[PDB]
Amino acid sequence: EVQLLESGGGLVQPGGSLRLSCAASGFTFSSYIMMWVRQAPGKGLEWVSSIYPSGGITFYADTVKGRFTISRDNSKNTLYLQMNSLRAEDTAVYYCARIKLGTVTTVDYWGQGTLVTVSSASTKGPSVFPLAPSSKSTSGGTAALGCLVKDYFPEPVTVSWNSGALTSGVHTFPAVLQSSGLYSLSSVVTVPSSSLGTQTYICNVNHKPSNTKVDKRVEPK
Amino acid sequence: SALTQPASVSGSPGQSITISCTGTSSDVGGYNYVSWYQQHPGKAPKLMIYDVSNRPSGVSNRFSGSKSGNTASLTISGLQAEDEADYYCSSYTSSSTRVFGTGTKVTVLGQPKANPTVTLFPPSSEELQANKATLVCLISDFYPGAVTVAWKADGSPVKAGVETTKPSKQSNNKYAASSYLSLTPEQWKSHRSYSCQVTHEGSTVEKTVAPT
């Protein structure tokens with residue numbers, strides 16, 4: 001019903017710039033105060049900026065004053081955040097927030113957020129390897145098979161199975177942050193051993209920062 | 001400068017816990033504009049309480065809010081496992097700004113001991129063809145979240161090339177962790193069998209893999 005869809009996030013070098021967007025629907029956009037809130041990874045919530053219904057009154061956290069600009073296009077039902085001179089410290093998930101009518105700070109609706117990474121390190125697409133079920137699987141009951149998603153930057157990667165049709169028995173593990181600064185992750189499916197000859201198993205790896213979309217067939221042996 | 005919340009509040013099932021949020025006379029102590037949010041891992045925050053004590057529609061009466069001086073409080077009665085999340089207060093500031101609290105991590109104890117399931121994969125032939133080798137040891141469905149991981153090459157330890165994650169809670173409310181052992185195809189083919197052995201509550205589960 002109420003929709004708050006962010007876009008424009010991504011990886012950027014220190015000193016770089018980005019423009020975030022928030023596409024709204026399901027409500028009379030023009031009668032609400034809109035806000036941006038950020039959250040650095042594993043850290044707390046932090047207010048960034050606010051914009052009044054008409055777009056004439058704006059407010060900013062001291063931490064972003066002079067670098068970030070909030071704006072809105074009421075006709076196009078969009079909230080913007082122009083972010084200039086970005087630094088490592090600005091790395092966070094940026095949430096688009098709708099202020100509850102009759103309040104100035106209370107958020108009734110939040111978006112899913114757009115992740116913004118500020119780093120001097122460049123994107124690295126992953127190398128995807130099949131993790132074939134143990135040689136003596138069809139000689140038993142259950143079989144664990146997977147995909148090793150190696151050496152990517154930054155987070156996240158999403159892993160699906162059989163183009164999203166296979167969801168049961170799927171476990172994508174959290175990534176390890178190696179000494180190299182690169183991540184690695186593994187996704188595993190637990191299937192019947194008897195289906196290993198009958199069923200084709202493919203893992204669908206997506207790493208949007210490097211535009212990587214890899215489909216890896218996982219064969220028994 | 002920030003709203004002070006305890007970093008951690010732990011509780012048992014069915015119990016009540018109170019999360020405090022202390023500000024100044026120019027924010028929490030100055031106005032009845034204090035809100036509370038619940039946030040689950042990897043999810044967007046959710047409004048639990050607004051205007052100190054008002055609960056939005058669909059929010060359980062197990063959640064209540066109060067204020068005394070420069071301190072706001074969120075009480076959770078009849079603690080449930082699903083209440084385990086991060087909680088934030090927020091208030092309007094006299095500066096016209098908006099400030100969130102430091103956040104409180106709520107942990108709900110009492111769940112039964114769960115032994116880990118260990119899945120060990122040898123390097124893939126594709127990876128070996130790329131002149132690399134990675135042994136993958138996946139540890140899941142354990143509780144409490146404490147594991148020890150040891151790597152062995154047909155006896156004696158392996159310290160070099162080991163990288164283990166911090167145990168993390170999965171969707172089933174149990175912990176999962178991963179450990180990677182990085183080798184050269186030459187090292188991998190030289191030994192008889194490598195082993196991943198994970199220790200959880202004094203009980204060691206071991207998996208072994210070989211070049212075969």
Side-chain angles (χ1 to χ4, degrees), chain A residues 39 41-45 93 110 112-113 142 144 146 155-161 166-176 185-191, chain B residues 5-19 36-48 58-63 74-88 103-119 137-149 164-179 198-203 205:
Chain A
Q39 190 162 38
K43 311 294 174 184
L45 294 180
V93 173
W110 295 85
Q112 288 322 101
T142 248
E155 281 266 51
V157 298
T158 69
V159 184
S160 310
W161 288 84
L166 180 58
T167 62
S168 159
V170 176
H171 188 359
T172 304
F173 286 70
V176 65
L185 160 158
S186 288
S187 184
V188 181
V189 209
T190 296
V191 306
Chain B
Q5 288 186 235
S8 172
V9 175
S10 284
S12 289
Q15 301 298 322
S16 289
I17 47 153
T18 300
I19 305 164
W36 290 93
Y37 306 89
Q38 185 192 54
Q39 184 185 41
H40 284 93
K43 302 196 163 196
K46 171 187 187 196
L47 180 67
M48 301 312 270
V59 176
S60 172
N61 67 358
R62 293 190 304 103
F63 293 83
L74 178 71
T75 309
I76 317 169
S77 72
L79 251 195
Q80 305 184 354
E82 24 282 321
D83 301 330
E84 178 159 305
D86 286 314
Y87 294 81
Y88 298 91
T104 298
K105 217 137 206 132
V106 167
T107 133
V108 188
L109 300 120
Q111 81 179 276
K113 190 216 175 184
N115 291 309
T117 73
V118 180
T119 305
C137 188
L138 304 156
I139 317 127
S140 69
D141 291 79
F142 61 101
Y143 191 84
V147 281
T148 304
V149 186
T164 307
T165 72
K166 175 189 179 172
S168 167
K169 270 211 181 165
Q170 57 184 130
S171 65
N172 62 14
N173 258 302
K174 293 181 192 76
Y175 290 88
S178 305
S179 179
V198 344
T199 312
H200 179 263
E201 313 306 289
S203 12
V205 175

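Note: hydrogens, waters and symmetry copies are ignored here, and every other heavy atom, side chains too, is used. Naming convention: chains lettered A, B, ... in sequence-line order (proteins, then strands); numbering from 1 in each chain.
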Residue pair B/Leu138 / A/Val188, side-chain heavy-atom distance below 4.5 Å
yes
For A/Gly113 and A/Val93 the tightest heavy-atom approach is CA-CG1, 3.7 Å
Partner residues of B/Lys166 under the salt bridge (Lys or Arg N to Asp or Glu O under 4.0 Å) criterion, sequence neighbours left out:
none
Measuring only between side-chain heavy atoms, which start at C-beta, is B/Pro45 closer than 4.5 Å to B/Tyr88?
no
Return the set of residues passing side chain to side chain donor-acceptor pair (under 3.5 Å) with B/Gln39 (not counting sequence neighbours), or none when no residue passes.
A/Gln39, A/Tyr95
Is the distance from the ring center of B/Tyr37 to that of A/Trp110 below 6.0 Å?
yes
Taking atom CE of B/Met48 and atom CZ of B/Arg62, what is their separation to the nearest 0.5 Å?
8.0 Å
From A/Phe173 CZ over to B/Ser140 OG, what is the distance, rounded to the nearest 0.5 angstrom?
4.5 Å
Go through it in stages, so that I can follow the logic: the residues are B/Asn115 and B/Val205, the test is side-chain contact (heavy atoms from CB on, under 4.5 Å), and I'd like the CA-CA distance, side-chain angles, deciding distance and then a yes or no.
CA-CA 9 Å; B/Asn115 291 309; B/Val205 175; 5.7 Å; no
Are B/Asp141 and B/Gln170 packed together at the side-chain level, in the sense that at least one heavy-atom pair is separated by less than 4.5 angstrom?
yes
Spacing of B/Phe63 atom CZ and B/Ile76 atom CD1 [to the nearest 0.5 Å]:
4.5 Å
Heavy-atom nearest pair, A/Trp161 first then A/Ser187, reads NE1-OG, 3.1 Å
Quick one: are B/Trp36 and B/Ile19 in side-chain contact, heavy atoms under 4.5 Å?
yes
Please round to the nearest 0.5 Å and tell me the distance separating atom CD of B/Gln80 and atom CD of B/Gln15.
13.5 Å
For residues B/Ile17 and B/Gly11, report the shortest heavy-atom separation together with the two atoms involved.
CG2-CA, 4.3 Å
Short question: side chain of A/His171, backbone of A/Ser186 - any donor-acceptor pair under 3.5 Å?
no
Indicate yes or no: at least one non-hydrogen side-chain atom of B/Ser12 is less than 4.5 angstrom from one of B/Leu79.
no
Is there a side-chain contact between B/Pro167 and B/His200, using heavy atoms and a 4.5 Å cut-off?
no
Scanning both residues in full, the closest heavy-atom pair of B/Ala177 with B/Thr165 reads CA-OG1, 3.5 Å
Minimal non-hydrogen separation, B/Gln38 against B/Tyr87, with atom names
NE2-OH, 2.9 Å
Compare every heavy atom of A/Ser168 with every heavy atom of A/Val189, then report the nearest pair and how far apart it is.
CG1-O, 3.9 Å
Would you mind writing out the side-chain donor-acceptor pairs for residues 103-111 of chain B within the sub-3.5 Å range, not counting sequence neighbours?
{"from": "B/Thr104", "atom 1": "OG1", "to": "B/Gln5", "atom 2": "NE2", "distance (Å)": "3.1"}
{"from": "B/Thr104", "atom 1": "OG1", "to": "B/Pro6", "atom 2": "O", "distance (Å)": "2.6"}
{"from": "B/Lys105", "atom 1": "NZ", "to": "B/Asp86", "atom 2": "OD1", "distance (Å)": "3.3"}
{"from": "B/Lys105", "atom 1": "NZ", "to": "B/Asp86", "atom 2": "OD2", "distance (Å)": "3.4"}
{"from": "B/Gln111", "atom 1": "NE2", "to": "B/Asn173", "atom 2": "O", "distance (Å)": "3.3"}

Test item: B/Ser178 and A/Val176 side chains (from C-beta on) under 4.5 Å apart, heavy atoms
no
Answer with yes or no whether the side chains of B/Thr75 and B/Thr18 bring together a donor and an acceptor at under 3.5 Å.
yes
